[PDB]
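> Residue numbers (the working numbering), protein chains in the order written: chain A, 24 to 139; chain B, 539 to 659; chain C, -13 to 128.
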Amino acid sequence: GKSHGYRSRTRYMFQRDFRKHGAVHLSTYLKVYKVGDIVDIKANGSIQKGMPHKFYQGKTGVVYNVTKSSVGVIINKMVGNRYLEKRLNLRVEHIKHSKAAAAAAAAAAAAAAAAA
Amino acid sequence: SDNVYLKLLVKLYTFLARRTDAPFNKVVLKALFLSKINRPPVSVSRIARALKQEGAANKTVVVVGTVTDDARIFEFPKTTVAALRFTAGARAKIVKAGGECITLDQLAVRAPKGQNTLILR
Amino acid sequence: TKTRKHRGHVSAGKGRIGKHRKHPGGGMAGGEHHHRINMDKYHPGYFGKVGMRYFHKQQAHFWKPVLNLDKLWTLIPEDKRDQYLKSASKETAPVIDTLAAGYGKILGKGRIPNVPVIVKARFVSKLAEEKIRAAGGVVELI
RNA sequence: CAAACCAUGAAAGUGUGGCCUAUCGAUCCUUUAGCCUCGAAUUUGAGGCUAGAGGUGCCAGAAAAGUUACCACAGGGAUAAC
RNA sequence: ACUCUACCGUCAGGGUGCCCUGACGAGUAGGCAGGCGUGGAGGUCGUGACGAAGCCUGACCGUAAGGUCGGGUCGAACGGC
RNA sequence: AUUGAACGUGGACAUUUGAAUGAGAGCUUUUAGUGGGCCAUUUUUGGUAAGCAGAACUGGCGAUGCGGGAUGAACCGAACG
RNA sequence: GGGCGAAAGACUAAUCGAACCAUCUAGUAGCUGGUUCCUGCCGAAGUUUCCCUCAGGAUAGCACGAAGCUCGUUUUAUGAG
RNA sequence: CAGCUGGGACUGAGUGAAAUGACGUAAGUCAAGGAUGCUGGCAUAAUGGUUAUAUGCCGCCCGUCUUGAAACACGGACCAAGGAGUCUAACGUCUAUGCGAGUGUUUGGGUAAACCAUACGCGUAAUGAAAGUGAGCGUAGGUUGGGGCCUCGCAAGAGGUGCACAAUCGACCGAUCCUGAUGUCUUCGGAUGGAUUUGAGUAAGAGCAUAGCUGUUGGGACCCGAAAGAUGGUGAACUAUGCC
């Protein structure tokens, strides 16, 4: 029936956005990551070389580290086989930013004992 | 599986273990049942390393399987060895080094408590 | 030879009822393609050629002795068969091997202890000569 | 990412020819160029990287056409008249 | 089923001899363990012509497997260990 | 330049008494089996003329007691030594 | 594979489109059928990458057998009709 | 409430125990913890037994294929004979094991099933279309420093020697460090989980032989059902054709 590869099934994950069409601004372009930054993913046909895969969008993830410099960097995410170390390669523009709220729970909790 | 001497050594070890236990009474008891590789033939080259330059010759080696007698173990390293089979070289060269070659039967007679003990694979 | 399990089931040597020569897939199998046999998408088969065959490795190829420098040495600080210059062993004195065989080197590895022995062999390998020379020796002839 | 490394630019600068976006051929072989391993022994016969020739379209590849009813044998609604 | 309490199956832990005792136990392939099995035999004494195997018939423990005793009868064979 | 980490070093951050460690899930590996199934519930592409034919999701049977149903594996209640 | 034809491969010991008898020969059958104790522990699967490949089988999915160890209920969010 | 009313469940009785309990009494009961009797299903050592048998109610039996046959699928009159995974023999886990860092053989000798001999094995070499080496049972790869040797040319510099030592990285052993409980003390010692550091060895497979077992390639090869080839005989007794 269908062939695989590019736009099949999840055409939106290949696609840009109608509202946010046109060339991508210098938001996630210049925002490079390091160890333990939680991030998201959504592609486009705006960034040609270093486009991530469509099946491995939908999933969230965390950045392992940025390896050497900016490009050739990785995002960790599980694939639905079973729990396994799986990642995905991409360059900077496709990577987003998310929940840095949860880890600040420990620093909030530590204001405990000195209230005696 | 039934080694006539070794399955009688199970009923020896449990009789001591369920009264005056040792950590060598725990580990070696499982490996009286278990198979070929799980009864390791330890060489006296790996005893010459582990039991005295690195690790302590205070800690006495309770060998699980047999004792093979590699090289010609010198007057410098040594430990007191107890095992299943003891070979002619181990009856010579361990005595030359400065230890006894005993047996697991006599560990129950000597001191089942494990004050200064290790095993070796 | 489990007569009890085998004769009172008749599955031993067969499997399920109609398994005939489909199951072992004939007997043997070839190189390339054929129907319903044990060939399929196998990983063995390919290359074929057995043996490390070359015109150098055949007749008149003289064998080496099993002869390390330290494996020879271990018997020496016990036995006083050999001579002592520094120490001074022979090749074929603590060792068998290089009686009949054509040449006789002194060979292999191990990060060498400080043993100033002098060996009396036919030839020498590259292995032993550097190690033993650093320790404080050399090869001597027989 | 770093070196090799020529011509362009004030420099910053970004790419191993391409706007996201289908577009072809193995073992076997063939023959050629680049040049690391050889039989007293100076050469040389014989033999293993890599790159290219050649519509094997089923794209993962054996020169080249068949009625089959005198008739024999083993199987099959895996398959049909019905 | 629900539910009471007991009983049957392997295994664990505490402490041997094994007992307490948890959780589950419909069943085909299949593997392992355990138990019953023929011909034969190193062994072989024990039983025998004052009655052996066998034939035939009765008693006949209980885990599914099939085996000891006893009666009518045999006219030489066969098991402790 | 700077980024990223480990050590040195200060602070934030709970304690008394007695005894001791639970799995309903992961990983490794020798000597088998499957490699051809049925039905009910629900939605899709599709002939709502038909059991035309295809894709998703779920229970029981396959390998299940017993009761209900005049007769009927799937449903209802439900688990069996 | 010869004998033979005005033809029908009629004909040759009831066998002739290749006589009959005996041997190698127990040829061989990728297909089908049949196939011998018991209980207990314990027990799945009809799914797949892929094939000059299709009543098969390399591999993978799922539980065999044996040794040594292995959950979640749910809370904050993030991504996608 | 035992007014009254129906049951499961427990204690106890000649003689006559041990361990874990409570309350009460000049008394004892509950609670514990010690101990049944006959058939029944039916394979191997039971009561006085085989058994015709009214009336009434339950009530559809297999080896095999398949999701699926008591079924109108196959397969017995009935009894006895014969028979369907197996004494070859290779590989790999494992049981048992004399003996092990060297051990264990064989022909044969011969004290004859004994005992002696120890030839010789034991998981075994990278890799370059054509210009070497032979790796310690077998022992290599990746990266790098030091040094020995030869040739050309102006020692300007270019090329192998990196075969090998060794430096250095890795499965991993063993040590080291830390968390909480923790014997024992402000001193040593035991165990567990995780991580860093640091020292060192083995193709890390750290023994060979043997009785034996397993599934399978092979072996009388699980038992059964074919059409068919080559080779050597015998048939024109019948019959197609020939001739007189």
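Heads up, the beta-carbon is just placed ideally off N, CA and C, and yes, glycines get one too.
Quick check: what's the CA-CA separation for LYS0 (chain C) versus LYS8 (chain C)?
Numbered from 1 along the third sequence, position 14 holds the residue referred to as residue 0 (chain C). Numbered from 1 along the third sequence, position 22 holds the residue referred to as residue 8 (chain C). Near 11 Å, if we compare the C-alpha coordinates of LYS8 (chain C) and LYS0 (chain C).
> So, is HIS29 (chain C) buried or exposed, given that buried needs 16 or more other C-beta atoms within 10 angstroms?
One-based indexing of the third sequence puts residue 29 (chain C) at position 43. Result: exposed.
> Below 8 Å between beta carbons: does that hold for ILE64 (chain A) and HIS117 (chain A)?
Walking along the first sequence from the start, residue 64 (chain A) turns up at place 41. Walking along the first sequence from the start, residue 117 (chain A) turns up at place 94. A contact, by the Cβ cut-off of 8 Å.
> Label residue 129 (chain C) either buried or exposed according to how many other C-beta atoms from any shown protein chain fall within 10 Å of its C-beta, with 16 as the threshold for buried.
There is no way to answer for residue 129 (chain C), as the model of chain C reaches only from -13 to 128.
> Please list, in chain order, all residues of the same chain as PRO615 (chain B) whose beta carbon is under 6 Å from its beta carbon, the five residues on each side excluded.
On the second sequence, residue 615 (chain B) is found 77 positions in, with the first residue counted as 1. Same-chain partners within the cutoff: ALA586, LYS590.
> Could you tell me the boundaries of the alpha helix (DSSP H) in which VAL565 (chain B) lies?
Sequence index remark: in the second sequence, residue 565 (chain B) carries index 27 (1-based). Where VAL565 (chain B) is concerned, the enclosing alpha helix (DSSP H) stretches over 561 to 568.
> Please name the residue in A:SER93, A:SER121, A:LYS54, A:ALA133 whose C-alpha comes closest to that of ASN112 (chain A).
Within the first sequence, residue 112 (chain A) is the residue found at index 89, counting from 1. Ranking A:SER93, A:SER121, A:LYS54, A:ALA133 by Cα distance to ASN112 (chain A) puts A:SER93 first.
> Could you tell me the boundaries of the alpha helix (DSSP H) in which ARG629 (chain B) lies?
The sequence position of residue 629 (chain B) within the second sequence is 91, counting from 1. Note, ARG629 (chain B): premise wrong, no alpha helix (DSSP H); not H, not E.
> In or out: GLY103 (chain A) buried (at least 16 other Cβ within 10 Å) or exposed?
Your numbering for residue 103 (chain A) matches position 80 in the first sequence. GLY103 (chain A) is exposed by the Cβ-count criterion.
> Can you give me the C-alpha to C-alpha distance between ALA87 (chain C) and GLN44 (chain C), rounded to a whole angstrom?
Here residue 87 (chain C) refers to the residue found at position 101 of the third sequence. Here residue 44 (chain C) refers to the residue found at position 58 of the third sequence. Rounded to the nearest angstrom, the two C-alpha atoms are 15 Å apart.
> For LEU546 (chain B), is the classification buried or exposed, using 16 other Cβ atoms within 10 angstroms of its Cβ as the cut-off for buried?
Within the second sequence, residue 546 (chain B) is the residue found at index 8, counting from 1. Exposed.
> Would a C-beta distance cut-off of 8 Å place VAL599 (chain B) and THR617 (chain B) closer than the cut-off?
Working through the second sequence from its first residue, we reach residue 599 (chain B) at position 61. Working through the second sequence from its first residue, we reach residue 617 (chain B) at position 79. For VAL599 (chain B) and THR617 (chain B), yes; Cβs fall inside 8 Å.
> Among residues of its own chain, excluding the 5 on either side of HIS6 (chain C), which ones have a beta-carbon nearer than 7 Å to its beta-carbon?
On the third sequence, position 20 is the one that residue 6 (chain C) refers to. For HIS6 (chain C), where only same-chain residues beyond five positions count, there are no Cβ hits under 7 Å.
> Pull up the DSSP beta-bridge partners for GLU126 (chain C), would you.
Indexing the third sequence from 1 puts residue 126 (chain C) at position 140. Answer by DSSP bridge pairing, in chain order: C:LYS106.
> Does DSSP classify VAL647 (chain B) as helix, strand or coil?
Start at 1 with the first residue of the second sequence, and residue 647 (chain B) comes out as number 109. Looking at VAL647 (chain B) - three-state DSSP - the assignment turns out to be helix.
> Cα separation between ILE118 (chain C) and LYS50 (chain C)?
Counting from one through the third sequence, the residue named residue 118 (chain C) turns up at place 132. Counting from one through the third sequence, the residue named residue 50 (chain C) turns up at place 64. Computed Cα separation, rounded: 19 Å.
> Does the structure place the segment 91 to 111 of chain C close enough to the segment 68 to 79 of chain C that three or more beta carbon pairs sit under 8 Å?
Yes: at least three Cβ pairs fall under 8 Å.
> Compare the Cα-Cα distances from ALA123 (chain A) to each of A:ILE97, A:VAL85, A:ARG114 and report the closest residue.
Locating residue 123 (chain A) in the first sequence gives position 100, counting from the first residue. Closest by alpha carbon: A:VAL85.
> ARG659 (chain B) by DSSP, collapsed to three states: which one?
Along the second sequence, one-based indexing puts residue 659 (chain B) at 121. It is coil, neither helix nor strand.
> So the candidates are B:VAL582, B:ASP643, B:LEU572; which of them puts its Cα closest to the Cα of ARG629 (chain B)?
What you label residue 629 (chain B) is simply residue 91 of the second sequence in a count that begins at 1. Selected option, being the one with the closest Cα: B:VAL582.
> By alpha-carbon positions, which one of B:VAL565, B:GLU613, B:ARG648 ends up nearest to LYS631 (chain B)?
On the second sequence, position 93 is the one that residue 631 (chain B) refers to. Taking only the C-alpha atoms, the option nearest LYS631 (chain B) is B:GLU613.
> If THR655 (chain B) sits next to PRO579 (chain B), beta carbons under 8 Å apart, how far is it from one beta carbon to the other, in whole angstroms?
The sequence position of residue 655 (chain B) within the second sequence is 117, counting from 1. The sequence position of residue 579 (chain B) within the second sequence is 41, counting from 1. The pair is not a contact, with the Cβ atoms about 20 Å apart (cut-off 8 Å).
> Taking the runs of the alpha helix (DSSP H) that are 4 residues or longer, which of them lie wholly in the segment -5 to 65 of chain C?
You should have 55 to 59.
> Since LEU554 (chain B) and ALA646 (chain B) should fall inside the 8 Å C-beta cutoff, what is the C-beta to C-beta distance between them, to a whole number of angstroms?
By one-based count along the second sequence, residue 554 (chain B) stands at place 16. By one-based count along the second sequence, residue 646 (chain B) stands at place 108. Yes, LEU554 (chain B) and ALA646 (chain B) are in contact; Cβ-Cβ is about 5 Å, under 8 Å.
> From what residue to what residue does the beta strand (DSSP E) around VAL86 (chain A) run?
On the first sequence, position 63 is the one that residue 86 (chain A) refers to. Looking at the DSSP string, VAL86 (chain A) is not in any beta strand (DSSP E), and its letter there is neither H nor E.
> DSSP state of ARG119 (chain C), grouped into three classes?
Taking the third sequence and counting its residues from 1, the one referred to as residue 119 (chain C) is at position 133. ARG119 (chain C) falls in the helix class under three-state DSSP.
> What residue range does the beta strand (DSSP E) around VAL582 (chain B) cover?
Position 44 of the second sequence, counted from the start, is the residue given in the question as residue 582 (chain B). It is not in any beta strand (DSSP E) - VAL582 (chain B) instead sits in the alpha helix (DSSP H) that spans 582 to 587.
> Any idea if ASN596 (chain B) is buried or exposed, counting beta-carbon neighbours within 10 angstroms, 16 or more meaning buried?
By 1-based counting over the second sequence, the position of residue 596 (chain B) is 58. Counting Cβ neighbours within 10 Å, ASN596 (chain B) comes out exposed, since fewer than 16 surround it.
> Mind checking who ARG97 (chain C) pairs with in its DSSP beta bridge?
The residue you call residue 97 (chain C) lines up with position 111 of the third sequence. According to DSSP, which records beta bridges pairwise, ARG97 (chain C) is partnered with nothing at all.
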